[PDB]
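Student: First the structure, which I've put down as structure tokens, then a few questions once you've had a look.
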Amino acid sequence: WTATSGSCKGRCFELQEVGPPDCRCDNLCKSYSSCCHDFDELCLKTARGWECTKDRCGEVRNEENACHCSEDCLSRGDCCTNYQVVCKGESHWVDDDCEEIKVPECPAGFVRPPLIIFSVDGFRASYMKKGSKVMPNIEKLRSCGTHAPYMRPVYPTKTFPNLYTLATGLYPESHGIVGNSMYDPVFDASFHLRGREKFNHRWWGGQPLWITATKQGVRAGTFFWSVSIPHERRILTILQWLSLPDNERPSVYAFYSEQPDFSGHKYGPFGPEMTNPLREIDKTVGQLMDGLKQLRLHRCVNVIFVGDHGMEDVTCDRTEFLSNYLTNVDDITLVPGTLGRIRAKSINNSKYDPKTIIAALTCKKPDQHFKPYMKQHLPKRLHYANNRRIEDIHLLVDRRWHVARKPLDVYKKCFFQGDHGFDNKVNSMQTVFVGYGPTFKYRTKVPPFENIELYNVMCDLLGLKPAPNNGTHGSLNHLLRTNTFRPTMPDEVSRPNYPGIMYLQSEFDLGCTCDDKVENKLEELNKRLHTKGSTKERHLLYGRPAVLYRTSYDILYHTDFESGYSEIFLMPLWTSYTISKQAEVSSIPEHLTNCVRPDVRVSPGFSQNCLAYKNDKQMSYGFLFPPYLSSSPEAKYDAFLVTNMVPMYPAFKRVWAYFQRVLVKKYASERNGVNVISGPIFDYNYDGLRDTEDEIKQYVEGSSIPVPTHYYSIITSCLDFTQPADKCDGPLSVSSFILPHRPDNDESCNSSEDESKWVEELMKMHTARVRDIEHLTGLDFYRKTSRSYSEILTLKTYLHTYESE
Ligand SMILES: *[C@@H]1O[C@H](CO)[C@@H](O[C@@H]2O[C@H](CO)[C@@H](O[C@@H]3O[C@H](CO[C@H]4O[C@H](CO)[C@@H](O)[C@H](O[C@H]5O[C@H](CO)[C@@H](O)[C@H](O)[C@@H]5O[C@H]5O[C@H](CO)[C@@H](O)[C@H](O)[C@@H]5O)[C@@H]4O)[C@@H](O)[C@H](O[C@H]4O[C@H](CO)[C@@H](O)[C@H](O)[C@@H]4O[C@H]4O[C@H](CO)[C@@H](O)[C@H](O)[C@@H]4O)[C@@H]3O)[C@H](O)[C@H]2NC(C)=O)[C@H](O)[C@H]1NC(C)=O
Ligand SMILES: Cc1cc(OCc2ccccn2)c(C(C)(C)C)cc1Cl
Ligand SMILES: [Ca+2]
Ligand SMILES: [Ca+2]
Ligand SMILES: [Cl-]
Ligand code: NA
Ligand code: NA
Ligand SMILES: [Zn+2]
């Protein structure tokens, strides 16, 4: 119950929400059916529309009008936004030359430049170039301010997941808004776009910007705008708030537009009907900027023009139906559309089986336009698993496609021509970023970055300390003229041991054999030096990685590679090696096929053993430093040390072997040398974070050798490829991956074919940021370079996407 017969007199768009059943006058009241009786009359005035005209200039104040043209309007803070232009011979903001804003130019009483977030729904990244002729206000912001060619949304590329990620700096798995539709088994409650449950606070995790601001003494405008409040009224409300007294005035504001998304769904992303919504958004920006200029805030406010996701062409006829794959379709619930999430219709049905559902959905038709996954097998870059609201079974749907349960779902609901929600690497899902103001740089283009980073920056813009989040604070310092955050490198927690020769061959009973007892004072001094780290400057180019947790490990040097060997996990945490453009690929000689050699620097008790692999009929082994890339027949023996061995399923070895034999050399050729760091990852609870030893669910049979869930590689070279990787004087270039360590290649539908037809495609799918690997390993890379730390932070957040331009 709301006693809706109090009054909004003097209270229109109050910043604090009053306790029901007192009636409300805030921008959320419409949504709760709780506004006072007179809300429309007082708060949603429309009389005479939104613009001053020649005849209204210096009129007599009529408090019924939507906005005012009377002489007193400036100090009342409620002029139409074009008041000065029509009535005082001023120019529109867009017609003014842009001039560098070197310092904030703010009215007295402003403690800090306000931040206005101008968010646009469905604003695909290529609209900036393609709609440029019809968006002059946006184009001035873009060319005069700081902009990226595009900004990567999070997965799924839907509205609430992305807007709440902008507000929190968190992945959807962590903030809890994991889709536009959801069931939470702990609450036993559902979340839907339509309706009221979505307003319950238990859905919304983390700490959004407006709470961060409030807790820290910075006042915030409201971020949610009820759909029936027109855009002109949202702008005028922001401008009115900006005229509040210093103690009452918020420092952060948000505008939101439903367009161009609303139209994009109906007409497709480039439908001829799309020009008009883009014009109208631009006019709204015009209104805000003219409004700010009138208030003398146009060189004071920092403005962020940001989208939540793009929009792709999608029609009813490009729909895959689960009824064409499954016989048991009625025993499942599907969250449908541009992604699929499957669960059992009833938890009383113990006959339901996820294994048989996956297999029935796997590679069944030649052009199948979705791929099933257990959530933990999704590309790690999606960060889409560690939440109970995310179903165990997931369908990644091809761009341009939908998945539905039965055909009747689609024609008893062609309506739409656009949709979004796909993999966040997809070009059509990329959205926009522009920052304009005293705190942003002038006429500066920055590289594409992910929207998870913006929360930190908006905190910097407001002098707030960000709550813990998934951004890498400092990675966006190059966007900013001032207020940069000066991060320090994390301290190393465990220092390595540097073992020398401490064990005789006969102390090892590992069941390993090697054909290696084949016999110089020149090359004996030489080999000792390699074992002491003589070539380390060649293979370890950026310093050794720091281990940021408590553990026991050894550094091991070799002619061709260096490793950090964990005495706890019995394998390297990392292995580093550099392959020059000129390097040669050789094969594993016949006499060395099954060779594994004890490492006399490392105790038998801290070593793997060959017998375990023999006994484990499912599990084989591979090497981190590939024997194929050995520098000489004698150095090749190093690659067969038991300390370079890792557990690998035979199916995975097909992947790994092609990577090491073919692709490393290809990249070295193309990139002019590469430095490679490879290692295991253990993430059995799929939280994106390094497992402790007591979290490991699988071991090589009858041993304490833990089985990785993934293998990573970080591949670094000179950004200026005219310099070799090992002699690079400037910025670096990186690509990385996190490959799932799986006992089958069911993920790759063409896997019966030659590795050259499928392997590289799989690696691309599992592309990753160095930062993702850091989370998963507790290592910190690039500790010793000649580059600035903020620059290295940007490099560690880089994702190589393998999309075209
Ligand atoms: C992206 O950035 C985020 C933010 O930094 C990273 O997430 C953090 O990760 C931390 C480590 O996993 C985690 O710390 C834990 O917090 C527990 C307290 O949690 C509450 O308080 C915080 C702070 O206000 C709050 O944010 C949490 O909110 C979660 O839960 C509510 C409702 O459940 C949701 O509304 C909300 O969306 C959020 O959900 C997300 O997080 C939880 C996990 O916390 C997931 O389950 C969800 O799926 C979802 O993703 C909480 O309300 C604290 O209790 C933990 O401490 C245990 O573990 C330590 C290990 O040191 C142990 O020593 C302690 O004793 C304790 O163990 C006991 O509990 C165990 C588990 O029940 C039990 O097995 C033991 O035997 C013990 O009894 C822990 O410290 C932190 O909560 C989140 N923060 C957020 C916002 O998610 C994230 O990792 C980053 N991602 C990547 C890839 O880097
Ligand atoms: C800029 C912005 C706006 C916004 O909400 C705007 C909105 C969306 C849908 C319907 C009505 N209003 C939000 C949420 C989290 C959704 C409150 C976050 C941000 Cl960062
Ligand atoms: Ca949206
Ligand atoms: Ca983990
Ligand atoms: Cl969804
Ligand atoms: Na085996
Ligand atoms: Na296959
Ligand atoms: Zn949409």
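Just remember, in the structure tokens the first chain shown is A, the second B, etc., residues are 1-based per chain, and ligands are 1-based in the order shown.
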Kindly provide, as JSON, numbers by chain, all nucleotide and amino acid residues lying within 10 Å of ligand 7, counting only C-alpha atoms and all ligand atoms.
Tutor: {"A": [362, 363, 651, 744, 745, 746, 747, 748, 749, 750, 751, 752, 753, 758]}
Student: Export, as a PDB file, in the first residue's frame, the selected residues with N, CA, C and O atoms.
Tutor:
ATOM      1  N   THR A 362      26.023 -31.825 -29.343  1.00  0.00           N
ATOM      2  CA  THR A 362      27.409 -31.656 -29.789  1.00  0.00           C
ATOM      3  C   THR A 362      27.654 -32.135 -31.202  1.00  0.00           C
ATOM      4  O   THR A 362      27.551 -33.336 -31.469  1.00  0.00           O
ATOM      5  N   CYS A 363      28.030 -31.193 -32.076  1.00  0.00           N
ATOM      6  CA  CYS A 363      28.409 -31.425 -33.466  1.00  0.00           C
ATOM      7  C   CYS A 363      27.404 -32.291 -34.261  1.00  0.00           C
ATOM      8  O   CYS A 363      27.804 -33.154 -35.052  1.00  0.00           O
ATOM      9  N   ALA A 651      44.407 -36.457 -26.083  1.00  0.00           N
ATOM     10  CA  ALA A 651      43.646 -35.600 -26.973  1.00  0.00           C
ATOM     11  C   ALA A 651      44.244 -34.174 -26.917  1.00  0.00           C
ATOM     12  O   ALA A 651      44.354 -33.492 -27.920  1.00  0.00           O
ATOM     13  N   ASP A 744      39.058 -34.908 -24.392  1.00  0.00           N
ATOM     14  CA  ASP A 744      38.557 -35.131 -25.730  1.00  0.00           C
ATOM     15  C   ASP A 744      38.628 -33.787 -26.438  1.00  0.00           C
ATOM     16  O   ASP A 744      38.820 -32.754 -25.791  1.00  0.00           O
ATOM     17  N   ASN A 745      38.485 -33.820 -27.759  1.00  0.00           N
ATOM     18  CA  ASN A 745      38.337 -32.621 -28.565  1.00  0.00           C
ATOM     19  C   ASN A 745      36.898 -32.408 -29.045  1.00  0.00           C
ATOM     20  O   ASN A 745      36.673 -31.934 -30.145  1.00  0.00           O
ATOM     21  N   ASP A 746      35.931 -32.722 -28.192  1.00  0.00           N
ATOM     22  CA  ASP A 746      34.530 -32.538 -28.580  1.00  0.00           C
ATOM     23  C   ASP A 746      34.193 -31.094 -28.912  1.00  0.00           C
ATOM     24  O   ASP A 746      33.366 -30.825 -29.786  1.00  0.00           O
ATOM     25  N   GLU A 747      34.868 -30.164 -28.244  1.00  0.00           N
ATOM     26  CA  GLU A 747      34.724 -28.744 -28.573  1.00  0.00           C
ATOM     27  C   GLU A 747      34.995 -28.399 -30.055  1.00  0.00           C
ATOM     28  O   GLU A 747      34.376 -27.484 -30.621  1.00  0.00           O
ATOM     29  N   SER A 748      35.957 -29.072 -30.668  1.00  0.00           N
ATOM     30  CA  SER A 748      36.315 -28.824 -32.049  1.00  0.00           C
ATOM     31  C   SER A 748      35.660 -29.859 -33.023  1.00  0.00           C
ATOM     32  O   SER A 748      36.065 -31.022 -33.098  1.00  0.00           O
ATOM     33  N   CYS A 749      34.614 -29.429 -33.713  1.00  0.00           N
ATOM     34  CA  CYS A 749      33.812 -30.300 -34.565  1.00  0.00           C
ATOM     35  C   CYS A 749      34.602 -30.900 -35.738  1.00  0.00           C
ATOM     36  O   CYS A 749      34.247 -31.981 -36.212  1.00  0.00           O
ATOM     37  N   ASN A 750      35.673 -30.228 -36.166  1.00  0.00           N
ATOM     38  CA  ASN A 750      36.553 -30.695 -37.236  1.00  0.00           C
ATOM     39  C   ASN A 750      37.812 -31.392 -36.733  1.00  0.00           C
ATOM     40  O   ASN A 750      38.779 -31.501 -37.486  1.00  0.00           O
ATOM     41  N   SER A 751      37.818 -31.832 -35.466  1.00  0.00           N
ATOM     42  CA  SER A 751      39.053 -32.401 -34.889  1.00  0.00           C
ATOM     43  C   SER A 751      39.577 -33.725 -35.481  1.00  0.00           C
ATOM     44  O   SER A 751      40.723 -34.100 -35.229  1.00  0.00           O
ATOM     45  N   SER A 752      38.766 -34.453 -36.243  1.00  0.00           N
ATOM     46  CA  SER A 752      39.269 -35.675 -36.884  1.00  0.00           C
ATOM     47  C   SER A 752      40.223 -35.288 -38.013  1.00  0.00           C
ATOM     48  O   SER A 752      40.992 -36.112 -38.505  1.00  0.00           O
ATOM     49  N   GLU A 753      40.172 -34.030 -38.427  1.00  0.00           N
ATOM     50  CA  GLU A 753      41.037 -33.552 -39.495  1.00  0.00           C
ATOM     51  C   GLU A 753      42.449 -33.195 -38.977  1.00  0.00           C
ATOM     52  O   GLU A 753      42.743 -33.293 -37.775  1.00  0.00           O
ATOM     53  N   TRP A 758      42.131 -27.039 -37.413  1.00  0.00           N
ATOM     54  CA  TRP A 758      41.317 -26.761 -36.246  1.00  0.00           C
ATOM     55  C   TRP A 758      42.024 -26.209 -35.039  1.00  0.00           C
ATOM     56  O   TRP A 758      41.378 -25.603 -34.189  1.00  0.00           O
TER      57      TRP A 758
END
Student: Residue 67 in chain A: which residues within 9 Å, counting only C-alpha atoms, same-chain residues fewer than 3 positions away excluded, as a list in words?
Tutor: residues 45, 46, 47, 48, 49, 50, 51, 52, 63, 64, 73, 78, 79, 80, 81 and 236 of chain A
Student: With only C-alpha atoms as the counted atoms, please give the residues lying no more than 9 Å from range 714-729 of chain A, apart from itself and same-chain residues fewer than 6 positions off, as a ChimeraX atom specification.
Tutor: /A:537-539,541,578-581,664,667-668,670-678,735-737,768-770,773,786
Student: For the selection you just gave me, I'd like the residues written to a file as a tab-separated table (two decimals), in the first residue's frame, keeping N, CA, C and O atoms.
Tutor:
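Listed below is the output, out_24.tsv:
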chain	number	residue	atom	x	y	z
A	537	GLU	N	69.45	-13.98	-19.85
A	537	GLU	CA	69.09	-12.64	-20.32
A	537	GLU	C	68.40	-12.75	-21.68
A	537	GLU	O	67.65	-11.88	-22.08
A	538	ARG	N	68.68	-13.84	-22.38
A	538	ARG	CA	68.06	-14.15	-23.65
A	538	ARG	C	66.63	-14.73	-23.47
A	538	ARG	O	65.73	-14.40	-24.23
A	539	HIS	N	66.43	-15.60	-22.48
A	539	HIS	CA	65.16	-16.33	-22.38
A	539	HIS	C	64.20	-15.75	-21.38
A	539	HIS	O	63.00	-16.00	-21.47
A	541	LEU	N	63.21	-12.24	-20.65
A	541	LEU	CA	63.41	-10.88	-21.17
A	541	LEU	C	62.85	-9.76	-20.31
A	541	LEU	O	63.33	-8.62	-20.40
A	578	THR	N	62.95	-17.86	-25.43
A	578	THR	CA	62.86	-16.93	-26.55
A	578	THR	C	63.27	-17.67	-27.81
A	578	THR	O	64.22	-18.46	-27.78
A	579	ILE	N	62.49	-17.50	-28.87
A	579	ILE	CA	62.66	-18.14	-30.19
A	579	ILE	C	62.86	-16.99	-31.18
A	579	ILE	O	61.95	-16.18	-31.41
A	580	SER	N	64.08	-16.88	-31.69
A	580	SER	CA	64.38	-15.80	-32.64
A	580	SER	C	63.76	-16.11	-34.02
A	580	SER	O	63.32	-17.25	-34.29
A	581	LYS	N	63.67	-15.09	-34.88
A	581	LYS	CA	63.14	-15.29	-36.23
A	581	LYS	C	63.88	-16.37	-37.01
A	581	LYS	O	63.26	-17.17	-37.74
A	664	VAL	N	54.64	-21.88	-32.75
A	664	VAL	CA	55.66	-21.02	-32.11
A	664	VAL	C	56.61	-20.46	-33.22
A	664	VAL	O	56.86	-19.25	-33.30
A	667	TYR	N	54.85	-17.79	-35.39
A	667	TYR	CA	54.79	-16.51	-34.73
A	667	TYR	C	56.16	-15.83	-34.69
A	667	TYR	O	56.26	-14.62	-34.87
A	668	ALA	N	57.22	-16.60	-34.45
A	668	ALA	CA	58.55	-16.01	-34.36
A	668	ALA	C	58.90	-15.41	-35.73
A	668	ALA	O	59.49	-14.33	-35.79
A	670	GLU	N	56.69	-14.32	-38.10
A	670	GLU	CA	55.81	-13.18	-38.33
A	670	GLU	C	56.08	-11.99	-37.42
A	670	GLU	O	55.84	-10.85	-37.81
A	671	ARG	N	56.58	-12.24	-36.21
A	671	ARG	CA	56.69	-11.18	-35.20
A	671	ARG	C	58.12	-10.77	-34.95
A	671	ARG	O	58.41	-9.85	-34.16
A	672	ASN	N	59.04	-11.44	-35.64
A	672	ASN	CA	60.48	-11.17	-35.54
A	672	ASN	C	61.02	-11.59	-34.16
A	672	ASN	O	61.56	-10.78	-33.41
A	673	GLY	N	60.87	-12.88	-33.88
A	673	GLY	CA	61.21	-13.42	-32.59
A	673	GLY	C	60.01	-13.30	-31.68
A	673	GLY	O	59.21	-12.34	-31.79
A	674	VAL	N	59.85	-14.29	-30.81
A	674	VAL	CA	58.95	-14.18	-29.67
A	674	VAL	C	59.59	-14.72	-28.42
A	674	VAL	O	60.46	-15.61	-28.46
A	675	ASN	N	59.16	-14.14	-27.31
A	675	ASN	CA	59.41	-14.69	-26.02
A	675	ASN	C	58.12	-15.39	-25.59
A	675	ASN	O	57.00	-14.83	-25.74
A	676	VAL	N	58.26	-16.62	-25.13
A	676	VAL	CA	57.11	-17.42	-24.69
A	676	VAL	C	57.25	-17.77	-23.21
A	676	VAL	O	58.29	-18.26	-22.78
A	677	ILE	N	56.21	-17.50	-22.43
A	677	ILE	CA	56.09	-18.06	-21.09
A	677	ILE	C	54.90	-18.99	-21.07
A	677	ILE	O	53.77	-18.56	-21.36
A	678	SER	N	55.14	-20.27	-20.73
A	678	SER	CA	54.04	-21.22	-20.64
A	678	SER	C	53.93	-21.83	-19.25
A	678	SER	O	54.91	-21.86	-18.50
A	735	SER	N	50.25	-11.58	-27.21
A	735	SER	CA	49.00	-12.33	-27.31
A	735	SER	C	49.16	-13.56	-26.38
A	735	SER	O	50.29	-14.07	-26.18
A	736	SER	N	48.06	-14.00	-25.79
A	736	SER	CA	48.13	-15.06	-24.80
A	736	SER	C	46.94	-15.92	-25.01
A	736	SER	O	45.96	-15.50	-25.61
A	737	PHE	N	46.99	-17.11	-24.42
A	737	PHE	CA	45.82	-17.98	-24.43
A	737	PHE	C	45.76	-18.84	-23.17
A	737	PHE	O	46.79	-19.08	-22.53
A	768	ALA	N	43.38	-14.82	-24.33
A	768	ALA	CA	43.24	-14.32	-22.98
A	768	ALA	C	44.10	-13.08	-22.75
A	768	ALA	O	44.99	-12.78	-23.57
A	769	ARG	N	43.82	-12.37	-21.66
A	769	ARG	CA	44.67	-11.23	-21.25
A	769	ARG	C	45.70	-11.79	-20.31
A	769	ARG	O	45.44	-12.77	-19.57
A	770	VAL	N	46.87	-11.15	-20.29
A	770	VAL	CA	47.88	-11.54	-19.30
A	770	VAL	C	47.27	-11.47	-17.90
A	770	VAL	O	47.51	-12.34	-17.07
A	773	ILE	N	45.53	-14.59	-16.81
A	773	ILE	CA	46.52	-15.60	-16.41
A	773	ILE	C	47.08	-15.28	-15.00
A	773	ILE	O	47.32	-16.19	-14.19
A	786	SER	N	61.85	-1.77	-19.58
A	786	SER	CA	62.16	-0.33	-19.57
A	786	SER	C	60.89	0.53	-19.71
A	786	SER	O	60.99	1.75	-19.89
Student: Could you list the protein, DNA and RNA residues that have any atom within 9 Å of ligand 4, counting only C-alpha atoms and all ligand atoms, and write them as a list in words?
Tutor: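 For ligand 4, the residues inside 9 Å are residues 682, 683, 684, 685, 686, 687, 688, 689, 690, 691, 692, 695 and 776 of chain A.
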Student: What's the 10 Å shell around residue 572 in chain A, counting only C-alpha atoms, without same-chain residues fewer than 6 positions away, as a list in words?
Tutor: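 So, after excluding close chain neighbours, the residues are residues 553, 554, 555, 556, 562, 563, 564, 565, 566, 624, 643, 644, 645, 646, 678, 679 and 680 of chain A.
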Student: Ranking A:314, A:332, A:489, A:278 by minimum distance to residue 133 in chain A and counting only C-alpha atoms, which one comes first?
Tutor: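 Once distances to residue 133 in chain A are computed over only C-alpha atoms, the minimum belongs to A:278.
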Student: Can you tell me, as a ChimeraX atom specification, what residues are no more than 12 Å from residue 467 in chain A when counting only C-alpha atoms, ignoring any on the same chain fewer than 2 positions away?
Tutor: /A:167-170,205-213,215-216,455-456,458-460,464-465,469-471,473
Student: Give the answer as one residue: which of A:60, A:144, A:311, A:128 has the shortest atom-to-atom distance to ligand 8, using only C-alpha atoms and all ligand atoms?
Tutor: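 Nearest to ligand 8: A:311.
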Student: Point out the residue among A:623, A:606, A:253, A:187 with the least atom-to-atom distance to residue 503 in chain A, counting only C-alpha atoms.
Tutor: A:606
Student: Mind the document's chain letters and residue numbers, and return as a ChimeraX atom specification the residues of range 502-722 of chain A that DSSP labels strand (DSSP E or B).
Tutor: /A:546-547,553-557,562-566,571-579,597,620-623,641,645-648,674-681,699,706,710-718
Student: Using DSSP on the backbone coordinates, identify all residues within range 400-544 of chain A classified as alpha helix (DSSP H); present the result as a PyMOL selection string.
Tutor: chain A and resi 408-411+454-461+521-531+536-539
Student: Could you write those residues out with C-alpha atoms, as a compact mmCIF listing (two decimals), in the first residue's frame?
Tutor:
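Final file, selection14.txt:
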# COMPACT_ATOMS: atom_id res chain seq x y z
CA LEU A 408 6.12 -22.69 -31.19
CA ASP A 409 8.21 -20.48 -28.82
CA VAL A 410 9.23 -18.30 -31.82
CA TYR A 411 5.89 -17.70 -33.67
CA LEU A 454 35.69 2.34 -16.19
CA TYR A 455 34.51 2.13 -12.57
CA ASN A 456 38.12 2.75 -11.34
CA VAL A 457 38.42 5.77 -13.67
CA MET A 458 35.07 7.21 -12.61
CA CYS A 459 36.25 6.83 -9.01
CA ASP A 460 39.51 8.69 -9.95
CA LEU A 461 37.41 11.40 -11.64
CA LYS A 521 87.00 -29.15 -21.31
CA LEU A 522 85.69 -26.55 -23.85
CA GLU A 523 82.01 -27.62 -23.57
CA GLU A 524 82.01 -28.64 -19.86
CA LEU A 525 82.82 -25.10 -18.65
CA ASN A 526 80.20 -23.97 -21.21
CA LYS A 527 77.39 -26.30 -19.91
CA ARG A 528 77.97 -25.33 -16.23
CA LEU A 529 77.59 -21.65 -17.17
CA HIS A 530 74.18 -22.40 -18.85
CA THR A 531 73.06 -24.26 -15.73
CA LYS A 536 69.05 -16.20 -18.88
CA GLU A 537 69.09 -12.64 -20.32
CA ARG A 538 68.06 -14.15 -23.65
CA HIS A 539 65.16 -16.33 -22.38
Student: Can I get the residues of chain A within 9 Å of ligand 8, each with the closest pair of atoms and their distance in Å to one decimal, using only C-alpha atoms and all ligand atoms, sorted chain first then ascending number, as a Markdown table?
Tutor:
| residue | atom | partner | partner_atom_place_in_ligand_line | distance |
| --- | --- | --- | --- | --- |
| A:121 | CA | ligand 8 | 1 (Zn) | 7.2 |
| A:122 | CA | ligand 8 | 1 (Zn) | 6.1 |
| A:158 | CA | ligand 8 | 1 (Zn) | 6.7 |
| A:159 | CA | ligand 8 | 1 (Zn) | 6.7 |
| A:258 | CA | ligand 8 | 1 (Zn) | 8.5 |
| A:260 | CA | ligand 8 | 1 (Zn) | 8.9 |
| A:261 | CA | ligand 8 | 1 (Zn) | 5.0 |
| A:262 | CA | ligand 8 | 1 (Zn) | 6.3 |
| A:263 | CA | ligand 8 | 1 (Zn) | 8.9 |
| A:264 | CA | ligand 8 | 1 (Zn) | 7.6 |
| A:265 | CA | ligand 8 | 1 (Zn) | 6.3 |
| A:309 | CA | ligand 8 | 1 (Zn) | 8.5 |
| A:310 | CA | ligand 8 | 1 (Zn) | 8.6 |
| A:311 | CA | ligand 8 | 1 (Zn) | 7.5 |
| A:418 | CA | ligand 8 | 1 (Zn) | 8.2 |
| A:419 | CA | ligand 8 | 1 (Zn) | 6.1 |
| A:420 | CA | ligand 8 | 1 (Zn) | 6.3 |
| A:421 | CA | ligand 8 | 1 (Zn) | 8.4 |
Student: With N, CA, C and O atoms retained, export the selected residues as an mmCIF file, in the first residue's frame.
Tutor:
data_model
loop_
_atom_site.group_PDB
_atom_site.id
_atom_site.type_symbol
_atom_site.label_atom_id
_atom_site.label_comp_id
_atom_site.auth_asym_id
_atom_site.auth_seq_id
_atom_site.Cartn_x
_atom_site.Cartn_y
_atom_site.Cartn_z
ATOM 1 N N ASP A 121 21.874 3.019 -25.067
ATOM 2 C CA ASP A 121 21.600 1.591 -25.157
ATOM 3 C C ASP A 121 21.736 1.142 -26.632
ATOM 4 O O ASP A 121 21.206 1.789 -27.555
ATOM 5 N N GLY A 122 22.496 0.083 -26.867
ATOM 6 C CA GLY A 122 22.595 -0.499 -28.237
ATOM 7 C C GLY A 122 23.469 0.276 -29.197
ATOM 8 O O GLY A 122 23.431 0.024 -30.387
ATOM 9 N N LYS A 158 24.146 -8.028 -22.902
ATOM 10 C CA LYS A 158 22.785 -7.552 -22.632
ATOM 11 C C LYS A 158 22.870 -6.287 -21.755
ATOM 12 O O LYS A 158 23.943 -5.940 -21.250
ATOM 13 N N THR A 159 21.732 -5.611 -21.562
ATOM 14 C CA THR A 159 21.718 -4.295 -20.960
ATOM 15 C C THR A 159 22.072 -4.221 -19.494
ATOM 16 O O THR A 159 22.998 -3.472 -19.086
ATOM 17 N N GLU A 258 17.137 4.798 -24.092
ATOM 18 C CA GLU A 258 16.676 3.483 -24.581
ATOM 19 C C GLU A 258 17.059 3.278 -26.049
ATOM 20 O O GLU A 258 16.977 2.171 -26.564
ATOM 21 N N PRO A 260 19.889 3.914 -29.290
ATOM 22 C CA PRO A 260 19.199 3.377 -30.479
ATOM 23 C C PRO A 260 18.737 1.908 -30.363
ATOM 24 O O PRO A 260 18.102 1.419 -31.283
ATOM 25 N N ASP A 261 19.003 1.242 -29.241
ATOM 26 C CA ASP A 261 18.652 -0.164 -29.053
ATOM 27 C C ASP A 261 17.199 -0.481 -29.438
ATOM 28 O O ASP A 261 16.936 -1.431 -30.172
ATOM 29 N N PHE A 262 16.272 0.302 -28.903
ATOM 30 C CA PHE A 262 14.831 0.081 -29.129
ATOM 31 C C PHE A 262 14.507 -0.047 -30.628
ATOM 32 O O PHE A 262 13.868 -0.998 -31.047
ATOM 33 N N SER A 263 14.984 0.890 -31.433
ATOM 34 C CA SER A 263 14.808 0.805 -32.863
ATOM 35 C C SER A 263 15.654 -0.285 -33.521
ATOM 36 O O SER A 263 15.217 -0.909 -34.467
ATOM 37 N N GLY A 264 16.897 -0.466 -33.062
ATOM 38 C CA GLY A 264 17.761 -1.509 -33.623
ATOM 39 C C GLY A 264 17.142 -2.886 -33.557
ATOM 40 O O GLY A 264 17.343 -3.698 -34.464
ATOM 41 N N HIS A 265 16.418 -3.191 -32.484
ATOM 42 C CA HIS A 265 15.744 -4.457 -32.457
ATOM 43 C C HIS A 265 14.737 -4.596 -33.626
ATOM 44 O O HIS A 265 14.589 -5.684 -34.193
ATOM 45 N N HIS A 309 26.359 -2.026 -25.147
ATOM 46 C CA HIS A 309 26.637 -3.138 -26.127
ATOM 47 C C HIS A 309 26.231 -2.638 -27.495
ATOM 48 O O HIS A 309 25.622 -1.596 -27.593
ATOM 49 N N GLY A 310 26.536 -3.398 -28.551
ATOM 50 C CA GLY A 310 26.166 -3.032 -29.875
ATOM 51 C C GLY A 310 24.864 -3.739 -30.250
ATOM 52 O O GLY A 310 24.017 -4.033 -29.379
ATOM 53 N N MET A 311 24.772 -4.126 -31.529
ATOM 54 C CA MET A 311 23.550 -4.703 -32.100
ATOM 55 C C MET A 311 23.962 -5.395 -33.384
ATOM 56 O O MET A 311 24.788 -4.885 -34.152
ATOM 57 N N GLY A 418 17.057 -7.106 -35.293
ATOM 58 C CA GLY A 418 18.329 -6.926 -34.567
ATOM 59 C C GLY A 418 18.306 -7.584 -33.201
ATOM 60 O O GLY A 418 17.252 -7.728 -32.598
ATOM 61 N N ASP A 419 19.459 -8.025 -32.689
ATOM 62 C CA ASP A 419 19.501 -8.460 -31.279
ATOM 63 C C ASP A 419 20.969 -8.409 -30.847
ATOM 64 O O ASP A 419 21.828 -8.195 -31.669
ATOM 65 N N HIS A 420 21.233 -8.640 -29.580
ATOM 66 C CA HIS A 420 22.585 -8.621 -29.046
ATOM 67 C C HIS A 420 22.567 -9.600 -27.886
ATOM 68 O O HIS A 420 21.492 -10.067 -27.485
ATOM 69 N N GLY A 421 23.742 -9.911 -27.338
ATOM 70 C CA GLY A 421 23.846 -10.907 -26.264
ATOM 71 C C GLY A 421 25.008 -11.846 -26.502
ATOM 72 O O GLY A 421 25.475 -12.494 -25.581
#
